[PDB]
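S.K.: Structure provided below as structure tokens; questions to follow.
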Ligand SMILES: CS(=O)(=O)c1ccc(CNC(=O)NC[C@H]2CCOC2)cc1
């Protein structure tokens, strides 16, 4: 089997991407944030505290003839941005782009943090990291990819995120029309539950490539590119008037600037992030200070190849017995 679904930026800055997901019988279609940095499929629901729902589409398990309460199971997750959600668990039929999993754990939110409530466009998350991070207790549950894997033509999914445009998530096949050149594969560590890999280095604009190992995660659920402070300083030093602002919470730059590109290494290959991809617009409406798309990881504890980086590539999440990541230009 295979699946193919379009992923659409939630706003004009590509702050996140939503992909329609069919849940239950008859189908209830929710727009979920596909997150290769977490392992829970959770949704706004008929159980979510009413005051915490503000425009999201909800899953109502009582209206699904295939929904089953997973008795005694609860979940609770806290994300790197400080947001959180928790609730109980159903199993139900979940389809993405034509690919169907029966008995998928659908984590029904009873509580969500303010950032979730405040974002009307995201109806929940679909985690695509390794199932070892799944928060369901007392019986840990499998991701949608882990449940689908054995049925897929090839045990892979691919992320093809658009810059200011829709893109695609494919399951079970590699669309050889979707990228240029060849796919470079690189080793993955699953020891922290993430798609964790080591970049071979970077370049700023037309600058010379610096060969240096940068361990980090491929995380579709994080907007920006978070890298060591040395690398980030080298980038923003090339932008007149750029500075790190403690009050704003990262590097800002004059909105009048033309940003340089950023290149990262994948083995001997190179992925180039155009400068425009690094512009996240005014810090506040009407400001001439713009927020940068490359930020320090120093306060995180891990480097994160988020959407800014991943949207410059066609990315293969290879779930073979030994997982690997693939990157191609496009
Ligand atoms: C409420 S929301 O904006 O829809 C949302 C979606 C997904 C995550 C998962 N990503 C994440 O935690 N990234 C961590 C990085 C960003 C900061 O700290 C480092 C968090 C929040």
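Numbering (mature numbering (1 follows the signal peptide of the UniProt record, and there is no 0)), first residue to last: 70 to 399. Backbone N, C-alpha and C define an ideal beta-carbon position, used for all residues, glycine too.
Could you tell me if the beta carbon of residue 289 falls within a distance shorter than 7 Å of some heavy atom in ligand 1?
M.R.: Translated into the one-based positions of the chain shown, residue 289 becomes position 220. The answer is no for residue 289.
S.K.: Kindly examine ligand 1 and report whether one of its heavy atoms sits closer than 7 Å to the Cβ of residue 404.
M.R.: A query on residue 404 cannot be resolved here, the shown segment of the chain reaching from 70 to 399 and no further.
S.K.: Note down, in chain order, each residue of its chain lying with its Cβ closer than 7 Å to the Cβ of residue 331, except the 5 sequence neighbours on either side.
M.R.: Sequence index remark: in the chain shown, residue 331 carries index 262 (1-based). If we look at residue 331 and ignore the five residues flanking it on each side, its Cβ neighbours are 271, 273, 304, 342, 347 and 363.
S.K.: In the DSSP assignment, the beta strand (DSSP E) including residue 397 goes from what residue to what residue?
M.R.: As a working mapping, residue 397 is identified with position 328 in the chain shown. Residues 393-397.
S.K.: According to DSSP, is residue 121 part of a helix, a strand, or is it coil?
M.R.: As a first step, residue 121 must be located in the chain shown, where it is residue number 52. In the structure shown, residue 121 sits in a helix (DSSP, three-state: H, G or I).
S.K.: I'd like the list of long-range same chain contacts for residue 209, defined as Cβ closer than 6 Å, with 5 residues on each side in sequence excluded.
M.R.: The residue labelled residue 209 in the question sits at position 140 within the chain shown. Within the same chain, residue 209 has close Cβ partners 203.
S.K.: Using only the alpha-carbon positions, how far apart do residue 378 and residue 82 sit?
M.R.: One-based indexing of the chain shown puts residue 378 at position 309. One-based indexing of the chain shown puts residue 82 at position 13. For residue 378 and residue 82, the distance between alpha carbons rounds to 14 Å.
S.K.: Would you please state the rounded distance, in angstroms, between the beta carbons of residue 386 and residue 136? I believe it to be under 8 Å.
M.R.: Stepping through the chain shown from its first residue, residue 386 is reached at position 317. Stepping through the chain shown from its first residue, residue 136 is reached at position 67. With a Cβ gap of about 28 Å, residue 386 and residue 136 do not count as contacting.
S.K.: At what residue ranges does the segment 143-169 contain a whole run of the beta strand (DSSP E), taking only runs of 3 or more?
M.R.: The qualifying runs are 153-165.
S.K.: Would residue 105 be called buried (16 or more neighbouring beta carbons within 10 Å of its own) or exposed?
M.R.: Here residue 105 is taken as the residue at index 36 of the chain shown, counted from 1. Residue 105 comes out buried.
S.K.: Select from 349, 123, 197 and 225 the residue whose C-alpha is nearest the C-alpha of residue 390.
M.R.: Here residue 390 refers to the residue found at position 321 when the chain shown is read from its first residue. For residue 390, the nearest C-alpha among the options comes from 225.
S.K.: If you drop the 5 nearest sequence neighbours on each side, which residues of the same chain put their C-beta closer than 7 Å to that of residue 131?
M.R.: Numbered from 1 along the chain shown, position 62 holds the residue referred to as residue 131. Here the set comprises 115.
S.K.: Grouping DSSP H, G and I as helix and E and B as strand, with all else coil, what is residue 329?
M.R.: Taking the chain shown and counting its residues from 1, one reaches residue 329 at position 260. Three-state DSSP puts residue 329 in coil, outside helix and strand.
S.K.: Which same chain residues end up closer than 6 Å to residue 73 when comparing Cβ atoms and leaving out the 5 residues on each side of it in sequence?
M.R.: Indexing the chain shown from 1 puts residue 73 at position 4. Result list for residue 73: 166 and 239, in chain order.
S.K.: Would you say residue 99 and residue 126 are within 8 Å of each other, going by their C-beta atoms?
M.R.: Against the chain shown, residue 99 aligns to sequence position 30. Against the chain shown, residue 126 aligns to sequence position 57. Contact flag set, yes.
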